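Any value given below was found using the heavy atoms of this structure, including those in side chains, with hydrogens, waters and symmetry copies removed. Counting convention: from 1, in listed order, for ligands and their atoms alike. Lettering follows sequence order; numbering is per chain, from 1.
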Amino acid sequence: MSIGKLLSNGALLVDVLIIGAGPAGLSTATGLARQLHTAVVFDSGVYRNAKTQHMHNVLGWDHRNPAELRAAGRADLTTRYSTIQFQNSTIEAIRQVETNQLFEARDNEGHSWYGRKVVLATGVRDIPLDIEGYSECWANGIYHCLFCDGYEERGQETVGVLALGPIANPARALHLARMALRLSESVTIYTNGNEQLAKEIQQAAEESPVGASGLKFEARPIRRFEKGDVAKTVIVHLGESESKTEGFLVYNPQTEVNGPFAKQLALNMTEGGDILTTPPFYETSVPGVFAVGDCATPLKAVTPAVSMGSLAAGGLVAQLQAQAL
Amino acid sequence: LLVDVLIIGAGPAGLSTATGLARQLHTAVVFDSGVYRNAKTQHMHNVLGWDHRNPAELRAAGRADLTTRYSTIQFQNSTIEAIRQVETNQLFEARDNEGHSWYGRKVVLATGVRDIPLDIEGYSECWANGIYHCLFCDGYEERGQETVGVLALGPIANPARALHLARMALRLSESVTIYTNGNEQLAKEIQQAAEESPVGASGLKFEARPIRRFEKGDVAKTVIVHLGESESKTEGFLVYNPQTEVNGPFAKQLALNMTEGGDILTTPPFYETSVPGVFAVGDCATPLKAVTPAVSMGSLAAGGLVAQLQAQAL
Ligand SMILES: Cc1cc2nc3c(=O)[nH]c(=O)nc-3n(C[C@H](O)[C@H](O)[C@H](O)COP(=O)(O)OP(=O)(O)OC[C@H]3O[C@@H](n4cnc5c(N)ncnc54)[C@H](O)[C@@H]3O)c2cc1C
Ligand SMILES: Cc1cc2nc3c(=O)[nH]c(=O)nc-3n(C[C@H](O)[C@H](O)[C@H](O)COP(=O)(O)OP(=O)(O)OC[C@H]3O[C@@H](n4cnc5c(N)ncnc54)[C@H](O)[C@@H]3O)c2cc1C
């Protein structure tokens with residue numbers, strides 16, 4: 001290579017291997033660059049929000065393409081700084097060769113990279129509902145985050161909430177339905193064949209201080225989703241032969257962390273599949289390995305991802321400067 | 001005038017909070033007295049997508065985004081003098097410097113902090129101009145020094161803080177002198193801690209003489225530190241993270257729990273204060289005083305506000 005310190009195997013050793021060039025990884029690299037620390041940032045080119053044209057709820061970046069944030073971040077990292085190296089390849093394996101001290105990353109081309117520390121910023125993959133038409137409607141009628149979307153489609157007569165998967169409880173369903181009520185006159189909560197749940201959600205709503213006004217409950221099984229002709233509408237085909245048109249649908253899917261690294265490094269995971277990290281610096285259960293962004297928090301958004309990246313760099317700088325080379 | 005949220009502050013923290021609320025069509029009045037902690041700076045660093053940009057540009061973009069595409073966020077360029085609760089979590093009243101009152105279901109305090117100067121002649125002249133508080137914020141621009149100083153005074157007067165800063169300053173300078181302003185016991189403790197640490201004390205010097213005054217040098221960001229009676233040392237720049245105090249009387253008026261540093265005590269995931277319905281975000285509510293945490297706090301605060309407004313009666 002051309003940056004870092006030589007090892008006995010013939011390779012150069014950088015301070016940090018950052019696996020990910022979304023906002024989380026780019027923000028981590030941003031902090032390191034301030035203190036002249038070296039990093040190889042890997043990018044497989046798989047971004048969770050690749051299906052979108054417009055970012056929201058990111059201060060100063062309203063309605064901008066998420067690709068623009070990544071481009072600005074990359075430009076900022078190579079223009080006034082020269083310690084940050086970008087590698088467009090997919091990491092297939094990571095191993096700790098020395099405790100907290102040396103890590104090896106191997107890519108899809110057979111090439112090896114060495115860092116004193118590792119940052120996992122691989123993001124997550126959204127798991128589709130096994131229902132016909134779901135894939136056509138995802139991020140195009142079915143929305144997961146009403147801070148991220150929904151405002152553009154406000155003023156509806158009726159929209160739906162899918163109380164399925166992780167939304168199949170009164171807390172999540174009601175929180176999402178009440179958010180949807182800001183955007184629609186009426187909200188129908190779909191339970192896909194769970195009457196008991198529909199009853200639980202209704203009762204919880206009726207028994208809550210604000211009540212159940214504006215809410216509809218649909219317990220019938222869902223046969224398929226059809227992308228309606230107009231705007232972001234989705235026709236939900238229920239039972240044998242009835243259907244209903246909704247302005248759009250709200251569903252926050254189950255996710256899984258991208259890459260095999262939690263398995264390979266035996267990193268503690270959350271019940272939800274996320275890599276378990278602890279504030280203040282978001283170090284994982286193996287020292288010297290950090291995790292930031294979607295792969296390491298239930299707060300899966302751009303501003304928390306960038307914040308995690310900054311704080312991780314603070315911790316990395318501390319470790320790099322306090323620990324013998 | 002009753003809105004959902006009275007937001008006191010239009011820095012990154014307040015603006016981020018408003019950005020969140022606007023997505024869900026919640027109403028807010030954002031107050032701005034026009035006093036920003038980084039008012040003295042031309043170049044913001046360590047904020048993804050904004051390297052070397054003017055911090056005023058971030059505030060301008062955040063304001064423009066909110067006024068352009070959203071209609072539920074109001075801005076008031078006035079100073080708030082007093083806030084009080086009218087009914088428990090039900091209602092808050094903010095009184096401005098013109099004797100107008102505003103009512104909100106909730107309140108966000110995003111007032112920032114004021115950096116307390118050292119009581120040493122010449123400090124004021126050298127602040128953010130030779131004396132730097134955050135080596136992620138600055139320092140990189142003045143790299144390649146022969147010598148720089150760390151002021152191990154106030155909150156930096158302990159081996160951990162002094163060594164952490166000194167090792168950061170060593171990235172930017174051949175040598176770092178740690179000043180203890182007359183505390184010889186501290187100088188020795190810092191040296192031993194460095195000497196006994198895994199990385200050692202190489203590149204560090206220790207200066208325990210009392211500091212009489214700071215004189216800003218004519219060249220670049222240099223500061224002449226006047227020691228003893230007549231002796232002096234010229235540094236490339238000095239590094240010191242000051243004690244801070246929250247802006248505004250609101251933590252006192254509402255009797256909000258404070259941290260041991262004087263910040264408003266808040267807790268993730270939503271940064272609500274010790275008084276239900278009052279939130280605090282950004283510098284006034286965290287020891288992590290930087291733009292990206294301030295912005296993230298604003299977003300999460302908006303999530304908690306959104307949750308309460310929609311689960312509680314109007
Ligand atoms: C449809 C949709 C819309 C959204 N809209 C918004 C919005 O408006 N506002 C908002 O704040 N949030 C939004 N989000 C959430 C947002 O996308 C995430 O919070 C954010 O992208 C997380 O950033 P990250 O860096 O953690 O992961 P990502 O941005 O997904 O980046 C992951 C990086 O890791 C890399 N990677 C993964 N595995 C490997 C490997 N083995 N080797 C090398 N590289 C690897 C990828 O190539 C990629 O570069 C949206 C999400 C979705 C699905
Ligand atoms: C010299 C210097 C350089 C810095 N450089 C960087 C950097 O490069 N990168 C970085 O990330 N961070 C930097 N910081 C830290 C950064 O400035 C803060 O983290 C950030 O400004 C916090 O934002 P905030 O919204 O919490 O407070 P502020 O940005 O200070 O805004 C506070 C708001 O509250 C308002 N307000 C206060 N009291 C009242 C009242 N009574 N009525 C009405 N309104 C009121 C003010 O008018 C203002 O609008 C720097 C700080 C300093 C001092």
Side-chain angles (χ1 to χ4, degrees), chain A residues 19-27 42-52 54-58 61 66 70 87 89-92 105 107-108 121-124 126 138-139 143-145 147-149 258-261 292-297 299-306 308-310, chain B residues 8-16 30-41 43-47 55 59 76 78-81 94 96-97 110-113 115 127-128 132-134 136-138 247-250 281-286 288-295 297-299:
Chain A
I19 321 296
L26 296 173
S27 186
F42 301 91
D43 192 355
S44 65
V46 184
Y47 319 102
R48 197 192 166 197
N49 55 358
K51 220 185 176 181
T52 61
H54 306 285
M55 265 203 312
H56 303 108
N57 207 30
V58 187
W61 292 85
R70 294 192 303 266
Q87 183 60 37
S89 67
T90 308
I91 300 301
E92 304 303 10
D107 63 36
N108 71 116
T122 56
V124 295
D126 292 285
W138 168 248
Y143 298 107
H144 75 289
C145 161
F147 285 102
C148 311
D149 288 283
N258 290 316
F261 313 117
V292 289
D294 281 14
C295 79
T297 182
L299 310 167
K300 302 190 193 307
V302 169
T303 68
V306 170
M308 286 176 85
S310 305
Chain B
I8 323 298
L15 289 176
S16 184
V30 183
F31 300 93
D32 194 354
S33 65
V35 187
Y36 315 101
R37 193 188 169 201
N38 57 1
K40 289 178 78 171
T41 63
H43 300 108
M44 188 170 67
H45 306 107
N46 206 34
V47 184
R59 295 192 303 271
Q76 269 302 309
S78 64
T79 309
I80 295 301
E81 297 302 341
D96 72 26
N97 70 129
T111 56
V113 298
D115 293 282
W127 171 244
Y132 300 96
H133 81 294
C134 159
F136 288 104
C137 305
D138 289 287
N247 289 318
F250 314 118
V281 292
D283 281 16
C284 81
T286 185
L288 315 167
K289 306 189 191 301
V291 169
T292 70
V295 170
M297 283 176 86
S299 301

Check your understanding: Would you say ligand 2 has an N or O under 3.5 Å from any N or O of B/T292?
Key -> no

Check your understanding: Is it true that A/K300 lies under 4.0 Å from ligand 1, counting heavy atoms only?
Key -> yes

Check your understanding: Side chain of A/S44, backbone of A/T90: donor and acceptor closer than 3.5 Å?
Key -> no

Revision key, fill the gap. In terms of heavy-atom contacts, B/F136 and B/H45 come closest through O-CB, 3.8 Å

Review point. Taking B/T111 for the side chain and B/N247 for the main chain, is one N or O donor matched with an acceptor at less than 3.5 Å?
Key: yes

Check your understanding: Which protein non-hydrogen atom lies closest to atom 41 (N) of ligand 1, naming both residue and atom, and how far is it?
Key -> A/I91 O, 2.9 Å

Check your understanding: If you measure from each non-hydrogen atom of B/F250 to ligand 2, which part falls under 4.0 Å: side chain, backbone, both or neither?
Key -> side chain

**Study point:** Interfacing atoms of ligand 2 (cut-off 4.0 Å, heavy-atom, B/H45)
**Key:** 7 (C), 8 (O), 9 (N), 10 (C), 11 (O)

**Study point:** Heteroatom distance test (A/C295, ligand 1): nitrogen or oxygen, under 3.5 angstrom
**Key:** no

Review point. Which atoms of ligand 2 have any heavy atom of B/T111 under 4.0 Å away?
Key: 32 (C), 34 (O), 37 (C), 38 (N)

Review point. Any idea which atoms of ligand 1 are less than 4.0 Å away from a heavy-atom of A/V302?
Key: 10 (C), 11 (O), 12 (N), 19 (O)

Review point. Is there a side chain to side chain contact (heavy atoms under 4.5 Å, CB included) between A/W61 and A/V302 once you walk through the steps?
Key: CA-CA 11 Å; A/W61 292 85; A/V302 169; over 6 Å; no

Review point. Any N/O of A/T90 closer than 3.5 Å to an N/O of ligand 1?
Key: no

Review point. Looking at A/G45, which atoms of ligand 1 are within less than 4.0 Å of one of its heavy atoms?
Key: 47 (O)

Exercise for review: Any atoms of ligand 1 less than 4.0 Å from a non-hydrogen atom of A/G22? List them with their elements.
Suggested key: 25 (O), 29 (O), 31 (O), 33 (C), 49 (O)

Check your understanding: Looking only at distance, does A/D149 have an N or O less than 3.5 Å from an N or O of ligand 1?
Key -> no

**Study point:** Location of contacts on A/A121 toward ligand 1, heavy atoms closer than 4.0 Å
**Key:** backbone

Check your understanding: Looking at B/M44, which atoms of ligand 2 are within less than 4.0 Å of one of its heavy atoms?
Key -> 8 (O), 9 (N)

Study note, to complete from the structure: Under 4.0 Å between heavy atoms, the region of B/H133 that gets near ligand 2 turns out to be side chain

Exercise for review: Would you mind running through ligand 2 and noting each atom that sits below 4.0 Å from a heavy atom of B/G282?
Suggested key: 26 (O)

Exercise for review: Specify the protein heavy atom at minimum distance from atom 14 (N) of ligand 2: its residue, its atom name, and the distance to 0.1 Å.
Suggested key: B/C137 SG, 4.1 Å

Check your understanding: Should you measure from each heavy atom of A/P23, which atoms of ligand 1 turn up under 4.0 Å away?
Key -> 23 (O), 25 (O), 29 (O)

**Study point:** A/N49 N/O to ligand 1 N/O under 3.5 Å
**Key:** yes

Review point. Please state which protein non-hydrogen atom is closest to atom 30 (O) of ligand 1 and give its distance, to 0.1 Å?
Key: A/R48 N, 3.1 Å

Review point. How far apart are the closest heavy atoms of A/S310 and B/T292, and which atoms are they?
Key: OG-OG1, 2.8 Å

Point to revise | Which atom of B/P55 lies closest to which atom of B/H43, heavy atoms considered | key: CD-N, 4.2 Å

Point to revise | Protein contact of atom 49 (O) of ligand 2 - nearest heavy atom, named by residue and atom, plus distance | key: B/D32 OD1, 2.7 Å

Review point. Against heavy atoms of B/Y36, which atoms of ligand 2 measure under 4.0 Å?
Key: 30 (O), 48 (C), 49 (O)

Check your understanding: For ligand 1, which atoms, with element, lie under 4.0 Å from some heavy atom of A/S89?
Key -> 43 (C)

Practice item. May I ask you to identify, for B/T41, whether its side chain, its backbone, both or neither come under 4.0 Å of ligand 2 on a heavy-atom basis? Key: side chain

Check your understanding: Under 3.5 Å between some N or O of ligand 1 and some N or O of A/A139?
Key -> no

Revision key, fill the gap. Heavy-atom nearest pair, B/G282 first then B/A294, reads CA-CB, 3.8 Å

Exercise for review: With heavy atoms under 4.0 Å as the rule, classify the contact between A/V58 and ligand 1 as side chain, backbone, both or neither.
Suggested key: side chain

Review point. Does some non-hydrogen atom of B/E81 fall short of 4.0 Å from ligand 2?
Key: no

**Study point:** Distance-minimising heavy-atom pair for A/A21 and A/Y47
**Key:** O-CE2, 4.3 Å

**Study point:** Atom indices of ligand 1, in the order listed, that fall short of 4.0 Å to a heavy atom of A/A21
**Key:** 33 (C), 49 (O)

**Study point:** Separation of B/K289 NZ from B/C284 SG (nearest 0.5 Å)
**Key:** 8.0 Å

Check your understanding: Looking only at distance, does A/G259 have an N or O less than 3.5 Å from an N or O of ligand 1?
Key -> no

Review point. Below 3.5 angstrom, do we get any N/O pair linking A/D126 and ligand 1?
Key: no

Review point. Nearest protein heavy atom to atom 27 (O) of ligand 1, by residue and atom, and its distance?
Key: A/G123 CA, 3.6 Å

Study note, to complete from the structure: ligand 2 atoms nearer than 4.0 angstrom to some heavy atom of B/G9 are 33 (C), 34 (O), 35 (C)

Point to revise | Where ligand 2 meets B/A290 - atom numbers and elements under 4.0 angstrom, heavy-atom basis | key: 11 (O), 12 (N), 19 (O)

Study note, to complete from the structure: closest protein heavy atom to atom 24 (P) of ligand 2 is B/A13 CB, 4.0 Å

Practice item. Taking all non-hydrogen atoms of both residues into account, name the closest pair between B/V113 and B/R37 and its distance. Key: O-CG, 3.4 Å

Revision key, fill the gap. Nearest non-hydrogen contact to atom 26 (O) of ligand 2 from the set B/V30, B/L288, B/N97, B/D283 belongs to B/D283

Check your understanding: atom 48 (C) of ligand 1: which of A/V46, A/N258, A/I19 has the nearest heavy atom?
Key -> A/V46

**Study point:** Protein heavy atom at shortest distance from atom 45 (C) of ligand 1
**Key:** A/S44 OG, 3.3 Å

